[PDB]
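Data block below; observations after.
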Number of protein chains: 2
Amino acid sequence: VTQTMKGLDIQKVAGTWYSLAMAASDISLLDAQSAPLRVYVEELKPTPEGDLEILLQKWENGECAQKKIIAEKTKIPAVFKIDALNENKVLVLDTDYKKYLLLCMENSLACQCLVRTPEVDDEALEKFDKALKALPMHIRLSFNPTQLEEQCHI
Amino acid sequence: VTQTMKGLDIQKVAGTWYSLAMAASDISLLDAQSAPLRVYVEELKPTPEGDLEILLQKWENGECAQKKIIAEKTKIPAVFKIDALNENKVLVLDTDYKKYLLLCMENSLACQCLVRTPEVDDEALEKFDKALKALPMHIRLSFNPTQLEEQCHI
Ligand SMILES: CCCCCCCCCCCCCC(=O)O
Ligand SMILES: CCCCCCCCCCCCCC(=O)O
């Protein structure tokens with residue numbers, strides 16, 4: 001991934017988001033309901049000191065569960081690191097703050113097109129697919145407005 | 001689907017094919033290993049009287065199984081009908097016979113990009129994605145050359 005948002009103002013991504021589309025390098029990352037990177041973003045919560053808290057839902061043990069994970073800031077504004085067994089980065093590729101936000105996670109690679117409202121934003125999906133053609137994705141999903149209004153996009 | 005191959009010569013699609021990419025209208029059609037339209041084409045076998053026999057593999061009961069299904073000809077050369085509880089059509093969208101073949105099945109809709117050899121044919125995938133932008137797909141998968149040489153693309 002060699003797309004990052006120049007001049008990102010992280011405080012301005014705060015609030016409500018919808019995981020409109022997802023893609024990943026390996027089918028197994030997204031294939032099933034309980035696949036490891038089948039995560040549905042609810043809210044982005046920047047800290048005053050510039051970390052990025054992410055509220056999301058994930059299907060685990062036959063149930064739609066709440067998760068809260070902290071992605072810690074780095075020297076680069078558009079790059080955050082999640083504390084785990086593995087060093088994994090969260091990258092903000094692009095955003096206009098008010099409509100769409102493109103982000104990826106890598107260790108191999110998964111990405112999402114986030115939007116502010118439960119609508120199919122063709123313009124944001126164009127920007128997502130453009131970003132992705134530089135990346136070796138083998139699975140891509142997208143949700144309809146009804147699914148976007150349901151826990152775990154059921 | 002309002003893309004069919006003009007002047008199709010069905011006898012010339014005979015032989016070996018690889019399911020390089022798949023897409024479908026509903027995630028559930030392709031999501032898991034045993035999803036209903038997760039089928040891997042092995043061979044196309046036109047009959048002398050112009051029907052299209054399809055040899056494929058499908059994951060069923062925790063196993064990669066052989067299937068043979070007959071798609072019967074219609075008045076339209078690029079449209080075939082599979083005998084089931086439901087009337088389902090197989091449509092040949094496009095082919096150059098020697099490299100790629102795009103086909104869909106509808107009742108809602110799933111499509112594949114077939115290629116003759118276990119290679120990622122970027123040119124055929126461009127033609128596949130072009131065909132698909134006219135269609136309401138919500139899941140898309142693609143296979144690497146290693147997976148293409150394995151039973152059920154394992
Ligand atoms: C996949 C790109 C969008 C990034 C979404 C936020 C990153 C968090 C996903 C990592 C897995 C979270 C599940 C957990 O381990 O509790
Ligand atoms: C999905 C577009 C490619 C068409 C592949 C050939 C169509 C056959 C799939 C229908 C399901 C076959 C499994 C079975 O019912 O035995």
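Note: hydrogens, waters and symmetry copies are ignored here, and every other heavy atom, side chains too, is used. Letters A, B, ... are given to chains in the order of the sequence lines, protein chains preceding strands, and every chain is numbered from 1.
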dist A:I27:CD1 -> B:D31:CG (nearest 0.5 Å) comes out at 12.0 Å
Considering only heavy atoms, which portion of B:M22 lies under 4.5 Å from any heavy atom of chain A: side chain, backbone, both, or neither?
neither
Using heavy-atom distances under 4.5 Å, tell me whether B:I139 contacts chain A through its side chain, its backbone, both, or neither.
both
CG/A:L141 to CZ/B:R140 distance, rounded to the nearest 0.5 angstrom?
12.0 Å
In this structure, would A:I70 and A:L56 fall into the same cluster of hydrophobic residues linked by side-chain contacts under 4.5 Å?
no
Spell out, yes or no, whether B:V120 and B:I154 are grouped together once hydrophobic residues are joined by side-chain heavy atoms under 4.5 Å, including indirect joins.
no
Assigning hydrophobic clusters by single linkage (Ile, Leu, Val, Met, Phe, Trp, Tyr; side-chain heavy-atom cutoff under 4.5 Å), is B:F128 placed with A:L125?
yes
In this structure, would A:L52 and A:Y97 fall into the same cluster of hydrophobic residues linked by side-chain contacts under 4.5 Å?
yes
